[PDB]
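A.B. asks: Residue numbering for the sequence shown follows the entry's author numbering, starting at 1 and increasing by one per position.
C-beta atoms are modelled at their ideal positions from N, C-alpha and C, and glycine is treated no differently.
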Amino acid sequence: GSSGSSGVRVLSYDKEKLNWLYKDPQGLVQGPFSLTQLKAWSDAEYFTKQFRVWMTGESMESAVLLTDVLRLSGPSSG
């Protein structure tokens with residue numbers, strides 16, 4: 001647990017650590033998950049376009065679209 005943050009931290013898009021929460025359609029918050037997992041599921045027909053995701057201890061409302069997280073942290077030249 002051990003939440004905190006003094007100020008404007010750096011934040012990074014980790015495909016490695018489990019850092020990204022989501023709210024399911026039962027209404028429950030699950031996870032967190034890594035961007036590799038959320039990506040692979042977004043690449044595997046587990047989810048729909050209207051799927052936002054937020055980092056561990058951010059607001060559910062700073063949740064961005066998963067399909068843009070995939071573009072934000074992803075390959076260059078495109």
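How about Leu-35 and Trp-54: are their beta carbons less than 9 Å apart?
C.D. replies: In the sequence shown, the residue the question calls residue 35 occupies position 35. In the sequence shown, the residue the question calls residue 54 occupies position 54. No, they are not a contact pair.
A.B. asks: Determine the DSSP secondary structure at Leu-11, reduced to helix, strand or coil.
C.D. replies: One-based indexing of the sequence shown puts residue 11 at position 11. The answer is coil: DSSP assigns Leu-11 none of H, G, I, E or B.
A.B. asks: Specify, as a first and last residue, the run of the alpha helix (DSSP H) that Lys-49 falls within.
C.D. replies: Along the sequence shown, read from residue 1 onward, the residue named residue 49 stands at position 49. That residue, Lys-49, is in no alpha helix (DSSP H); it is neither H nor E in DSSP.
A.B. asks: Three-state secondary structure (DSSP) at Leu-21?
C.D. replies: Walking along the sequence shown from the start, residue 21 turns up at place 21. Strand.
A.B. asks: Tell me where the beta strand (DSSP E) around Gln-30 begins and ends.
C.D. replies: The residue labelled residue 30 in the question sits at position 30 within the sequence shown. Run containing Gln-30: 29-33, per the beta strand (DSSP E) assignment.
A.B. asks: If you draw a straight line from the C-alpha of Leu-72 to the C-alpha of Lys-39, how long is it?
C.D. replies: Residue mapping note: residue 72 aligns to position 72 of the sequence shown, counting from 1. Residue mapping note: residue 39 aligns to position 39 of the sequence shown, counting from 1. If I take the Cα positions, the gap works out to 12 Å.
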